[PDB]
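These protein sequence lines are chains M and I, in that order.
Following PDB author numbering, the numbering of the first sequence begins with 1 at its first residue and continues without gaps.
Following PDB author numbering, the numbering of the second sequence begins with 1 at its first residue and continues without gaps.
Number of protein chains: 2
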Amino acid sequence: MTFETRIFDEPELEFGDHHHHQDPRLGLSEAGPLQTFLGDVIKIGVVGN
Amino acid sequence: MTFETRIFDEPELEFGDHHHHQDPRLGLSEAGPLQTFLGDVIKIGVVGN
């Protein structure tokens, strides 16, 4: 048969502090964001009733 | 005599946490700004040779 089948693996995603994992959820919960935020405050404004 | 002369006092500027003074240098050093920055970070970029 002239059919060539490939099964690629799940690609990795590089998180912060040189840690890589295939799941964004567990990867963020383990090592945090790639580019850290200098500070600790994110201010939110709400518009509605 | 024939003219009404008034010498006004030095006006008071309101600084943070209910403090007032006339000199902006001394008022800012001992009381701080009126609206405190919710955070601890100010990022400065430089452009030049």
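Even for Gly, the Cβ is constructed at its ideal location relative to N, Cα and C.
Would you say residue i and residue j are within 8 angstroms of each other, going by their C-beta atoms?
i: I:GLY27; j: I:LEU13; result: yes
i: I:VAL47; j: M:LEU38; result: no
i: I:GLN22; j: I:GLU4; result: no
Restricting to Cα atoms, I'd like to know which of the options is closest to residue i.
i: I:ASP17; options: I:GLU10, I:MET1 and I:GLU30; result: I:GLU30
i: I:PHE15; options: I:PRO24, I:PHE8 and I:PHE3; result: I:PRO24
i: M:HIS19; options: M:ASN49, M:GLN35, M:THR2 and M:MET1; result: M:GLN35
Can you look up residue i in the DSSP assignment and give me helix, strand or coil?
i: M:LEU26; result: helix
From the beta carbon of residue i, is the nearest beta carbon of chain A less than 8 angstroms away?
i: M:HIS21; result: Protein chains M and I are contained in the structure displayed, whereas chain A is not.
Practice task
Check each residue of the region 24 to 44 of chain I: if its Cβ is closer than 7 angstroms to any Cβ of chain M, include it; give the result in chain order.
Solution key: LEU38, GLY39, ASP40, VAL41 and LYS43
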